[PDB]
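Protein chains in written order, with the authors' numbering: chain T, 9 to 46, 65 to 429; chain B, 27 to 122; chain I, 91 to 193; chain V, 48 to 65, 90 to 275; chain A, 11 to 126.
Positions of the beta carbon are idealized from the N, C-alpha and C atoms, including for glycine.
So the structure is just underneath, and the comments pick up after that.
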Amino acid sequence: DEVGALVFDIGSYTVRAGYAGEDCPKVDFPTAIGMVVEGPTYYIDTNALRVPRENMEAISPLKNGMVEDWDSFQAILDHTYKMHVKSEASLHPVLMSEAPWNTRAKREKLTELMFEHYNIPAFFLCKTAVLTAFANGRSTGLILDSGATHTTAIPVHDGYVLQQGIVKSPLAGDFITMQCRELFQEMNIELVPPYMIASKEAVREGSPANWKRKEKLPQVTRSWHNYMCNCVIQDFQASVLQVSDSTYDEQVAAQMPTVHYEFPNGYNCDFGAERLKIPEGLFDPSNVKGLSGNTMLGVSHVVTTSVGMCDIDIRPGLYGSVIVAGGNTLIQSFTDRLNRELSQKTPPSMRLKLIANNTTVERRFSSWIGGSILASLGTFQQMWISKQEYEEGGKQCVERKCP
Amino acid sequence: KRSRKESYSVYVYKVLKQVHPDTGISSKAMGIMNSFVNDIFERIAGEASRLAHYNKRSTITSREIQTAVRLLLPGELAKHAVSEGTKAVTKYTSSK
Amino acid sequence: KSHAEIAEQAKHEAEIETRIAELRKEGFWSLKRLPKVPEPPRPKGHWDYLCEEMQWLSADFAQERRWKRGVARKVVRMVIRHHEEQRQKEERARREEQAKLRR
Amino acid sequence: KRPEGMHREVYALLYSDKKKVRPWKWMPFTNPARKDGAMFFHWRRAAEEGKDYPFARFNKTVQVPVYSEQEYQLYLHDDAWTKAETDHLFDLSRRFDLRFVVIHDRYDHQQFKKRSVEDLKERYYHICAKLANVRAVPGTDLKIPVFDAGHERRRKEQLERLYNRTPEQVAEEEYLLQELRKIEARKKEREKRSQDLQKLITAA
Amino acid sequence: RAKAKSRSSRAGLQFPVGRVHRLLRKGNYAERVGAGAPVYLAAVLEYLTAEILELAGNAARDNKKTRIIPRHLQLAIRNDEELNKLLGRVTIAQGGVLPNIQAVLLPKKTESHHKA
Ligand SMILES: Nc1ncnc2c1ncn2[C@@H]1O[C@H](COP(=O)(O)OP(=O)(O)OP(=O)(O)O)[C@@H](O)[C@H]1O
């Protein structure tokens, strides 16, 4: 059942690669790898990417959870294979995750790219929602994945995704980063990434930062500077932001304790109601500046819409198995707000139940853990796409063995 | 705000199923079995306490319980309980 | 009572009328709810075997993660105990000098 | 002298009341459940190098029937369904273990017109029943209990009506719930009691 | 820490040695209960319960029933020589005494042909 394999979870934010059967991925690095057109050189290591040099324009090999640069994809695959894996691809089957909305053309091109270039013994392309359901202990249920690019509610019934029930919303990590940018700009906060700081001195709360700029600066692009700024913004998110328990109330938002945070340049200040007004857009995009439009569906709205487009015979099961995953889901009180909104919306007959997985490893790596336990099953041995299957049936075999 | 009450229904149904896989037990029969368990518990405990007190001892030990079982259970019923208890103590101290 | 009972009784007739109105609205009792479902199950189902093995292995993986974290906690607390007991053993070597005097 | 020599408690209770040579190796193996002969590897023992793969038994495929072109053209002809429209249904059934809740989604709506779940299932079961009725010797469950698609349709519709009930059909619906008992008690306790009391007054 | 093992599992008993020792230590039966007293008590309780349950199941199977009832417990307790000696003072709710057979009526007297 357990054979030496490599489960690849290529997320839009981070790519997780490891051996099937492990509790955690072997490596986890940001997906927005820096690129320099020298062929082009790519850096697939946190210590080799977030470095004060080497312009490294961020190419983001994938976008919207789908492959968009096959050359950069080959480069990142090669680096992951001989940097942390350090093994011949021909000796290990490959189980790779895919976005449910991934087109067949991509699927097939990726499949053939792993048989004529890497010559892997077997292949399999499973959807992220299926893997998530597989990990959390449910074959039927709704997968709520609030990633960096999009927040999606993917209904899984009997291990298969119901495309008609897929609902997507652009309110994701990118939206949170944009809101944090706007908040910093409104509070006259200079977002100085670490690579620009030579040294700093402790200053009083709210006072201007006293930091020295490095004289021998790197030759960075606007893209790489924005990438460093977005990393700092994501740190700020993980450190400060918190979802409101109930619908955002300005009066109640001003009664919550503040959270202290110091930027890399030394600037530090306490945040009050501004840290709880940003995460409200995820659930209620109406009260969002610059987002003038009601078509955007909130997390609870996305869930209810995804469940509504499915057959009523399975909606009870979907509500009874609503798996929450993604990095954005790690924000404080997000789960409580989501459960409250769903209980208020979910009809009484439908027994709402939220799986109690909330750990960072359990959340961000749910998709990878799913494939890890799926490739370790003896029953899964009969579903592999063997090299002979690809050589005979061609690239289109991906559509039959792993629909 | 719950007022939970305990019982041996968990170790008696288990014993029943291990000795009688196919035969069940009703709720009232379970209560009667629990009452018997508690009554024998009280009897053995009181006998061991009194036996220890006779010897000017402030501790009830396995020997006191063994002699109390010898005294209470009649004829060819004590021996079996004593043997079971001794074999459980020997298997308990052996760290198995 | 037993006088001017119309004020109380006409309410029941109004409630009957509202009951008919609601039956027209969505329905009081859904007509013929789940009368027949003859779909015969598969002999076993490959997917049902896969789901059984999936449950078996997922429960195992979860328990194994929990047990691994518990064992890590155990070993860390054990090394902390080793250091604390080394210092307590220095103190007890002093107490053993005292006990040797005593002996 | 006391023999003892054993544990204190057990002793008192008893007396007071008188080379491995099995190497694991990385072995290749072929799974009988596969027809392509794909060679996989497994961590097996040395005592069973060459034994068949045990999990192959968990490969019972669904019993989707297969029929010839002539049989189709003769018996399974349908004005509303063409071969290109019918073969895809059975292909999806064979591919997804004959579950219609997933087959509907997989339906290629580009080349094929939109079909519900109930009508797809009805067409499938009708094709199966015809294949059985045109077969005598193989005993293909001639009397298949084909479900009534119309009853299934109205059931799907009434329960869907019972689904969306937010404004007043779930909260104010408690009124109709209480009425379910009031009308079953008040109506009787009024009219039948009126009859009974009239008969009593007649006897009185 | 190490995986905690209960005391019922070590000895190999089903009844709770833990709860037994608990009732004992704060039951005022003594000042400092021994470590082996509760194990032995639970073992004897388990043996007696197993015996009475065996007898009750036998009586139920003889009566063609699946669920044990006070009838079966009473029958088992009063049939066994030693359990009755142990539970002579005890009375059971919804129980009954051992019955007599009515077949004796047939070959002595029955309804005659008079106006039958
Ligand atoms: N500790 C944290 N606290 C709060 N938010 C976080 C934390 N860590 C990451 N995030 C947010 O989560 C986002 C990353 O999402 P994640 O990587 O889980 O999606 P994903 O699994 O890659 O989705 P997909 O598989 O569809 O690509 C980031 O944009 C970041 O803002």
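Cβ-Cβ separation between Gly173 (chain T) and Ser359 (chain T): approximately 19 Å, too far for a contact (criterion under 8 Å). According to DSSP, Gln268 (chain T) shares a beta bridge with T:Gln358. Residue pairing for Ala179 (chain T): DSSP places it in a beta bridge opposite T:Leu170 and T:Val193. For ligand 1, a non-hydrogen atom lies closer than 7 Å to the CB of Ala264 (chain T). Judged by beta-carbon spacing, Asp9 (chain T) lies within the 8 Å limit of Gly404 (chain T), meaning their Cβ atoms are closer than that value.
Of the other Cβ atoms in all chains shown, fewer than 16 fall within 10 Å of the Cβ of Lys134 (chain I); this residue is therefore exposed. DSSP, reduced to helix, strand and coil, places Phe160 (chain T) within a helical segment of the structure shown. When secondary structure is reduced to three states using DSSP, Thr153 (chain V) falls in the coil class, being assigned neither helix nor strand. Distance from the Cα of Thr166 (chain T) is smallest, within the candidate group T:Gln370, T:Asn354, T:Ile349 and T:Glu418, for T:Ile349.
Looking only at T:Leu378, T:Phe289 and T:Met140, the smallest Cα-Cα distance to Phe210 (chain T) is reached by T:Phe289. Residue ranges of uninterrupted beta strand (DSSP E) with 3 or more members are absent from the region 302-326 of chain T; none lies entirely inside it.
Under DSSP, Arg115 (chain V) shares a beta bridge with V:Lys96. For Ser332 (chain T) against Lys371 (chain T), the beta-carbon gap comes to about 12 Å, at or over 8 Å, which does not count as contact. Closer than 7 Å to some heavy atom of ligand 1: that describes the Cβ of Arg390 (chain T). Of the residues assessed, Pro26 (chain A) falls on the buried side of the cut-off, its CB having 16 or more other CB atoms within 10 angstroms. Only residues of its own chain outside the window of five on either side were considered, and among them none has a CB closer than 8 Å to the CB of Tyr37 (chain B). The beta carbon of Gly307 (chain T) sits no closer than 7 Å to any heavy atom of ligand 1. For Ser52 (chain B), the neighbours in chain A by C-beta distance under 8 Å run, in chain order, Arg77, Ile78 and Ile79. In the DSSP assignment, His136 (chain I) falls within the unbroken alpha helix (DSSP H) covering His136 to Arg192. Beyond the five residues adjoining it in sequence on each side, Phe161 (chain V) comes within less than 7 Å, by CB distance, of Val135 in the same chain, given in chain order.
Burial is judged here by how many other beta carbons sit within 10 angstroms of a residue's own beta carbon; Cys32 (chain T) has fewer than 16 and is exposed. With contacts defined as CB atoms closer than 8 Å, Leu344 (chain T) and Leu168 (chain T) qualify as a contacting pair. Taking 8 Å as the threshold, the shortest C-beta distance from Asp168 (chain V) to chain I falls below it. If you draw a straight line from the Cα of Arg99 (chain A) to the Cα of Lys15 (chain A), it comes to about 39 Å. In this structure, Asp95 (chain T) has its CB at a distance of at least 7 Å from all heavy atoms of ligand 1.
With the criterion set as a beta carbon lying under 9 Å from some beta carbon of chain T, the members of the region 208-237 of chain V are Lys227, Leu230, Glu231, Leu233, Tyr234, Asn235, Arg236 and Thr237, in sequence order.
When secondary structure is reduced to three states using DSSP, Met282 (chain T) falls in the coil class, being assigned neither helix nor strand. Taking 8 Å as the CB threshold, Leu60 (chain V) lines the interface with chain B. With fewer than 16 neighbouring CB atoms inside 10 Å of its own CB, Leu124 (chain I) falls in the exposed class. For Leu77 (chain B), the closest C-alpha among the options B:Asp65, B:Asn64 and B:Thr93 is that of B:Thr93. Considering only beta carbons, the part of the region 165-177 of chain I lying closer than 9 Å to chain A consists of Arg167 and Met168, in chain order. Counting only the Cα atoms, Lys413 (chain T) lies some 42 Å from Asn252 (chain T).
Here the region 268-276 of chain T does not lie against the region 241-259 of chain T, with fewer than 3 beta-carbon pairs under 8 Å apart. Close to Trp127 (chain T), with beta-carbon spacing below 7 Å, lies no residue of chain V; the smallest spacing is near 13 Å. Within chain I, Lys164 and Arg167 have C-beta atoms less than 7 Å from the C-beta of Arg11 (chain A), given in sequence order. Residue pairing from DSSP places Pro38 (chain T) in a beta bridge opposite T:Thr22.
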